[PDB]
Amino acid sequence: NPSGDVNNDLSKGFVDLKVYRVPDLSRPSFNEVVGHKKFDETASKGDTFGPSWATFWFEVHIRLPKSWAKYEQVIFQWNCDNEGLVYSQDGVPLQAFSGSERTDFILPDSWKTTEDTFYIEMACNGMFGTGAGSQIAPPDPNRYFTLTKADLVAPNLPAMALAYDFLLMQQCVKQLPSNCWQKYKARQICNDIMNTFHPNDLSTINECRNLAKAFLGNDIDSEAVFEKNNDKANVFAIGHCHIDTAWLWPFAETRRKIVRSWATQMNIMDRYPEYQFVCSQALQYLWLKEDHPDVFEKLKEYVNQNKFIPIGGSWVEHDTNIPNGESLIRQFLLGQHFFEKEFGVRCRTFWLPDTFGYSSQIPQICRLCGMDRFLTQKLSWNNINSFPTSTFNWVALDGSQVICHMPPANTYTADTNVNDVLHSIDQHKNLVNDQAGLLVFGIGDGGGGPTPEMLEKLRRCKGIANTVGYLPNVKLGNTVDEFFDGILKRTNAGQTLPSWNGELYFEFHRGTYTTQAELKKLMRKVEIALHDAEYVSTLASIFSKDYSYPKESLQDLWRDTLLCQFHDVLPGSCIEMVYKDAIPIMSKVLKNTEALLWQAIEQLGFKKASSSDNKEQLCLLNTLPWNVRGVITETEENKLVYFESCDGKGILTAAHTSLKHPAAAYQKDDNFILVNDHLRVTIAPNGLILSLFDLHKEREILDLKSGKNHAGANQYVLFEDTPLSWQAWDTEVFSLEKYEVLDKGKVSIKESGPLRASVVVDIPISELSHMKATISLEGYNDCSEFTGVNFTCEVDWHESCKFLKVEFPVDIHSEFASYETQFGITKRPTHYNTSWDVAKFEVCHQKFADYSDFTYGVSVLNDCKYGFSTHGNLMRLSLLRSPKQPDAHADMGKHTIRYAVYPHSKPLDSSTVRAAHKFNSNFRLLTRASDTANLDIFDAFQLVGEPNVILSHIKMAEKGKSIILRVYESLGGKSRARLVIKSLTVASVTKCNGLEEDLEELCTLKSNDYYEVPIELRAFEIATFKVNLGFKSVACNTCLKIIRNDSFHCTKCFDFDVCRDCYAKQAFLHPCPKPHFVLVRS
Amino acid sequence: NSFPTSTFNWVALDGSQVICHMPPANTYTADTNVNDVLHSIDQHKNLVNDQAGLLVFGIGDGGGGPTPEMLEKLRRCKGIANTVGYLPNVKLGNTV
Amino acid sequence: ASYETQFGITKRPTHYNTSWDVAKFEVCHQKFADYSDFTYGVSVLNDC
Amino acid sequence: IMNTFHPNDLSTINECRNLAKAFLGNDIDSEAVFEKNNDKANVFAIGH
Amino acid sequence: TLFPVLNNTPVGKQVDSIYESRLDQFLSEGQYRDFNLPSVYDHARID
Amino acid sequence: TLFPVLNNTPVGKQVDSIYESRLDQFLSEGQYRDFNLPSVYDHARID
Ligand SMILES: [Zn+2]
Ligand SMILES: [Zn+2]
Ligand SMILES: [Zn+2]
């Protein structure tokens, strides 16, 4: 009742609600509201609050009746079908509310006696945003919410305990097999409980609980249940709350979801001592620390108490298909550094239960970044092939392995019903190898984690297992790392587990390779720009005395970039407001990265071209780790200039001489010919490439005679998309059965000059949708600067449920195609033989897809696209989608798509890799600021040797002033190279890992003026080298070297041994907040 | 017709009653394999009333009874029930 | 791995990923079996 | 029928019906369906 | 003969569940209503 | 750690039927009797 109902009597209590309404859709903090704004309007049950995403603050003044001096527990119940977050008067978040699934707030025994007040920060959105009819439909901006409960309750604790008992027993009745005697024992006991209970006699509750003891045992009331049979557990339960950093709500709402989940979990930890909770993303910890520093202090105390286990080791729970390899390394680097700085923990388990597909080098990147365990459950959504195993060894391209478990109950948001506990062991897919399942329980997919009801049900499941013994022995007080320790101990360090080699293909959400094209183009541009900026910043800090490496600015830019690689934002499956946030911050990252790069360049003695200096002194910045012998770039709106570099690779100078092999564009019998020294492209007036003739090897490349495609290559096709359920996520295999070929274009010669010949195709996609395709051939001096036939498509895209793709039939016969993925090549079948191959009708690739036979091959390079399909002589690049369901204007607008067809006269080799890198490069026009500091130091760090070894990244170390060089084998063979460090005094060069921790010392030579460290890489190895400048069967878990001398073994866990040197270095952080190391000899 | 119950009260014409059990593994010449031990409880027809089954093992229908092999298998069934606990808890030293 | 078969090469997996690959624990080849990466390879030739 | 139907072309409806004739026969448009095999019926339908 | 010698167009075996649940959207009045049969039921309804 | 970094020994998931029917020949007195348990039942039978 309100206080207005009680005036004559000061004894019967009340609940008074004053509501303050935030004017805009903003989300003010507690200190910006309480004490400043006026709580004047009165709210009551049945009231209606605000449009979608609106925030309301409630001052709740309660008076407990003194007749409640008894009632050892008093509950405040709050049910407005939206978000909660009780705040104390001092601003401390105490308890969240989430619709009807979480409504109770236990008064903390301190203000039951005193007539006190608190606050509730209501958010006018559901657990999953608004939705407008369906969960993944676009948000409804005019949703209104009704307050249905604002009551004070004094719950009957024995009655609720009996309710939990009966619920578990009734679930046993409903779920257990019909011939299981425990099912009938439970039914018999439940029937007696009904026959015994009388609502008018409260002792019947106690004797009903006594009756239930025959099925649940006597220990279910505390954590003593888990202390019985606790040596042979089959199911390991861990609390979890998956909060999508942005899926169907803005980042600003994620910020509140984080705190209201974690404060709730911390109070639950207070009440349940055996309960443990894992949460992954380091960015969410950073957001909590920024918003609620005191909650963060309490949180780190909980982390010390081994409750509240941080896991994953990455900045966000990112997609692993779209971001480039350095982005994955950065995810781990930033996450692990944050966890090592705020806590003393280094994660050992890569936690990624919601990512759409797993690229083939993830196990190697994990091992390089200190994690040998992998947890995921998304592969259970494979709608063609069930993944063979639940616990296995996942092996990268290079051979690096992590141990992966997929929770057999195919969720990370389980409910701790008997079905969840049972399925955690009984739908384990390779039970012959291990009989341990992980039960990940909570409420997630963006929200707030487990409830106390789930912990009660877990205790009762354990009691049932102890007493009548059909349910699995479930353990609650173990961490995920202890679960993996058990698996490794039982399986002989994982040797007996089945292996999976290569990419874990997700047979679902394939449309995520293409949807949100603007964000994906921006992601690739930003990754390349960050690489260039870090490279020139390293050079400027090395060679300029008055330039400091911008660690802070680079860290901010990388934090934003890695935030946008979240496993729902980057794949393109968010509401429109998420992208109205993400695209601008990505553009800001690009702009600030360019500013940083230009500051470094100015420190190096150059400046932007400024379009006033004469052409003969224009330079070009390369930033690729090899000589791009020549680049053709525009200087004015239409003036093309050829830049060449004879020896120095960093800077290219404008060329005087004409090209040795110019390109030409002429006409024929209504056909257009783009001709080179290397290629002849015959284009129909339709725009289709009728012929692609290699002139050196006098062979046709197209094969229009076989296959379904008989009318030219570069054929644009508009498929009807209409996926089954998730429009932005999914494309179906039947989408290729209904299509329209776009063959109404008109061709004109755009240019025929020596530097670049080019025609223009004007293709009408439909009404409201148009596209202009430019097909170009460039002249060259050397064949190594050729990138093939270039295509630039400008698309006004306004289709609905359409998928624009481009096809090239290519006269290649091979059973596999090579797709460039992070740090190497993934080979995919081209034949649809089995259901595994049928599932791969569209695949993800980074920058090129190669289709080669023994004598010839064709690569398709791209600068913004990630979806490809090679099946039987037909190469198809996915260009544009038009989904509607989460975002009704997903890709509508203008798009610039660049891709190249690069034919080569051998199997795939380093020429394609270099051509793809060059195709994706941003060559920047420079001008010498002077001639006294115009030295070309851009060749300070070189890699000399087998061209399949790529010096992919140059960086300064996070800790010191050493230079970090990322090197990788790109094509899959053990290769030898040398790092040449020219204008520098090298104190030492070491091989280190992804976290930049030294692994071994390398022998650096001393030549006339450089240093020449020889290196050897395995087939697909990612190596990291730390250059320190100046003048100067047990392996260690930090430096992966066999420990021959004494070691230090952590007793807190099972599989952490550190060597003496790393022990002295204090480099032994791992998932043990309080590690205890004992010395081991021999 | 399958008889409805495994354990029941059988009442005569006058009202006199005995308590009748029909061994749920439908034999009196069982073999003490895990199937016999399992069926002794899991094809009990009225398990809601009682969860006890009698396992009558031996070789019969005219002949000679259980072999020592059957006692070894019974001991191992009990050990399995003690250790990994899927087989029913079987008792051997009790009279009918 | 590359196995010489009648009039050409059959490529078989080396990884046991799926049950299709598990089934191929022993395979038939005519006169050589080749195991090559990008830079190096080893052939086993035989005459019987 | 799905691969054939285009909402912008109304003759696709007629050819989709022609496709369905391979499963439903040609008599479904009238009461002539019931005049075939009408001596060995197993199900007798009556409105109610 | 009409049977071509060369096959450079692999055809996959249809997945039962995917192609069966595709059938539901031909008559569905939901998201893809505009691309399927219910879009041509009416001939210019007037109200 | 005991978990090796590199895995160059693929392990297949065991086929249920094959490995279950392999169990029958440990106590079988048939073709493979000489390689399994029944070969060591006796300790020099005399008749
Ligand atoms: Zn998610
Ligand atoms: Zn430890
Ligand atoms: Zn070490």
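Each value in this text was obtained by applying a stated rule to the coordinates, not by laboratory testing. Cβ coordinates were reconstructed from backbone atoms using ideal geometry, including for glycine residues, and neighbour counts include every protein chain displayed.
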Reciprocal of mean inverse Cα separation for chain D (Kirkwood radius, Å): 13.1
Relative exposure of A:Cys844, A:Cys793, judged by other C-beta atoms within 10 Å (fewest first): A:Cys793, A:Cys844
Which of A:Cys1072, A:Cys366 has the fewest Cβ neighbours within 10 Å, and the rest in rising order: A:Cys1072, A:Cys366
For region A:683-796: relative contact order, % (alpha-carbon pairs under 8 angstrom, 6 or more apart): 17
Rounded to 10°, Cα long-axis angle of helix B:68-83 versus longest principal axis of chain B: 90
Diffusion constant of chain E at 4 °C, which comes from Stokes-Einstein with the Kirkwood Cα-pair radius and 1.567 mPa s, µm²/s: 90
Relative contact order (percent, whole number), region A:807-941, Cα cutoff 8 Å, 6+ residue spacing: 24
³J(HN,Hα), Karplus 6.51/-1.76/1.60, whole Hz, each residue of region A:392-404, x for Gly, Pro: 7, 9, 9, 10, 6, 4, 6, x, 5, 10, 10, 9, 10
Placed amide H near A:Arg924: partners under 5 Å, 5+ positions off or other chain: A:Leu621
Computed [θ] at 222 nm, helices only, for chain A once each DSSP H run of length n ≥ 4 contributes -39500 (n - 2.57): -7000 deg cm²/dmol
Neighbour net charge for A:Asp939 - beta-carbon separation under 15 angstrom, K R +1, D E -1: 0
For region A:472-580: relative contact order, % (alpha-carbon pairs under 8 angstrom, 6 or more apart): 28
Efficiency of FRET from Cβ geometry, A:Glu794 and A:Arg976, R₀ 45 Å, rounded to 0.05: 0.50
Quotient of C-alpha Rg and 2.2 N^0.38 Å, computed over the protein assembly as shown: 1.05
Efficiency of FRET from Cβ geometry, F:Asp34 and A:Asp1046, R₀ 60 Å, rounded to 0.05: 0.75
Averaged over C:12-22, number of beta-carbon atoms from partner chains that fall within 10 Å: 6
Neighbour-count order for A:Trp394, A:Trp598, fewest beta carbons within 10 angstrom listed first: A:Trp598, A:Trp394
Values of log10 I(q)/I(0), in the order q = 0.19 Å⁻¹, for region A:632-769 under a Debye, Cα-only, solvent-free model: -1.12
Computed helical MRE - 222 nm, chain E, DSSP H runs ≥ 4 contributing -39500 (n - 2.57), nearest 500: -3000 deg cm²/dmol
DSSP-defined beta bridges in region A:350-495 - what % are antiparallel, rounded to 5: 45
Radius 10 Å from Cβ of A:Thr826, net charge of other residues (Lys, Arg +1; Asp, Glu -1): 0
DSSP beta bridges in chain A [antiparallel fraction, %, rounded to 5]: 90
Prolate/oblate/rounded call for region A:365-429, Cα gyration tensor, a/c under 1.5 rounded: prolate
Interchain or long-range residues, amide H under 5 Å from A:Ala414's placed H: A:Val440, A:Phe441, A:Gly442
Separation in nanometres of the label points that stand 7 Å from Cα toward Cβ, at A:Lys746 and D:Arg17: 4.1
Karplus 3J(HN,Hα) series, Hz, for region A:633-642 with 6.51 cos²θ - 1.76 cosθ + 1.60 (x for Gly, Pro): 9, 6, 10, 8, 5, 9, 8, 9, 10, 9
³J(HN,Hα) computed for each position of region C:20-32 - Karplus, 6.51 cos²θ - 1.76 cosθ + 1.60, integer Hz, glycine/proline x: 5, 6, 5, 5, 8, 6, 9, 10, 9, 9, 7, 10, 8
Virtual spin-label span in nm between A:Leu10 and A:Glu290, 7 Å along Cα→Cβ: 4.9
Reciprocal mean inverse distance between Cα atoms of chain B - Kirkwood radius, Å: 14.5
Around A:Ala665: net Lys/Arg minus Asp/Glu count, Cβ-Cβ under 14 Å: +2
Distance (nanometres) between label positions extended 7 Å along Cα→Cβ at B:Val56 and E:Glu20: 4.7
